[PDB]
């Protein structure tokens, strides 16, 4: 039983969904007629509990009659439970069809409605979804737990001048005989997926082929720079297939969303959603594609049972991503991204607290808001464990054999940390003595930094550690020693690392960040990862000059990784506090509901 869901996967399972979605831009609504194939797992089951959040349920019908439904008490973040009385108690594992007519709220946490004024084309509105982790319940009533994987078919009614796309293969266009002003797009998803992987985009979209199974989709204005930035998608997909095995999803498309998309990348099956903030014109932030590609195996094919087991998803994907980086830029770069991961984990454990139970690899999420619980811990502590196991068991070639068999063993299924450990011991049966050496309790259920640190190559990192130390130990007299030469021989990833280590230490004087701008000219760097860290460093320093720059980056884009900390730091900055609160209220209606709720709680607004 998932603590983030109201549904019981041990009682029943959704095996298939037929979705009739009516998209209305005037109402900002999605009226859904969902037909759910329910399989009973318990004998003589009388009730059916599904997850809903700000959803209006019109009617429920089980085998054509009308079933008695009842909504429970609305939880603080989990939403409202919906109970359905079945006409007959069934005989497990018996299957039945439950038809539900619902409608979303315009405030739906999963969706973002943009007027033409907000969009790039300025003629048409835009809609896009973000269901991960628990927002699918804000669109349709479901077992919104990654433990339940289902196949789906959908029909989407939209204004005829607009394009619609889903996390499925396109299955043709249909004419809406009732409304001539409308078109019906159809989609097929024959591979079982969890609810968080359901996605929908409706807008003025244009797409062009960039590979035998890759079309890049976005608004005309962003199309030309998106094809250059993500030209090597097929190469990345092929490199991943060599490592993980065959691609079972048929198609790998990309969609570049408006700047309000709350993440950098989203692995929606058949259609990866990407932020325009990675468009740096040099493909330095394009590892986001190799990461999303790798989810096609670790996450989408083999899913985490609950969000407590989220590291199985992100830790293995980060491992696969860094192996693709290995065959690309070299083993020295792979080792550097591994070491940079440790620092991001160190950066996340301090933000949450070295003692916070949320920093456990397998955390307790009972009565915990998953969106407010998001961190680099499942990513980097999860990766560190797999990279430490790799060194312990004989190298990358030997560890890849395990990962391949693991993907094959649990393909199309959901997995717990216990199943993963049982499989790890089953595979390394002759090396079981080396497995019994690892401190499993320290790795799985202990807050803070991991018990043991893996052996890393320090070739690329040495220059980053040195520069950072020089800056934190510099006085006003040493400021003159710093020059352009310090960052001139460094790559973008090397510049990210030195800034990250400066952010991890005590706040720098106003004179030092002024000296940084003087010799490094970090104010004109377009690279999002560098700029965000540079602005955050200046705010903590107490530099008043950076307030209009930090406010600019926090409002011109809506990626939570960047927007949420910039707003928090700006609020804790006394001189800026007034303007930042007033900047947020003036932009509150034009931002994503998840980003908004999280930024409003931080500012003590709500």
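Positions refer to the first chain, counted from 1.
Judged by mean Cα B factor in the deposited record, 219-227 ranks above the other of 219-227 and 300-308. Of the two stretches examined, 479-487 and 361-369, the record assigns the greater average C-alpha temperature factor to 479-487. The PDB entry assigns the greatest CA B-factor among 507, 394, 401, 159 to 507. In this structure the maximum Cα B-factor among 51, 54, 574, 556 is found at 574. Sorting the modelled residues of the chain by their CA temperature factor places residue 264 in the lowest third. Placement of the Cα temperature factor of residue 564 within the chain: middle third of the modelled residues, per the deposited record. Split the chain's modelled residues into thirds by C-alpha temperature factor. Residue 588 is in the middle one. For residue 457, the recorded CA B-factor ranks within the highest third of the chain. Only modelled residues enter the ranking. The entry lists a Cα temperature factor for residue 546 that places it in the highest third of the chain's modelled residues.
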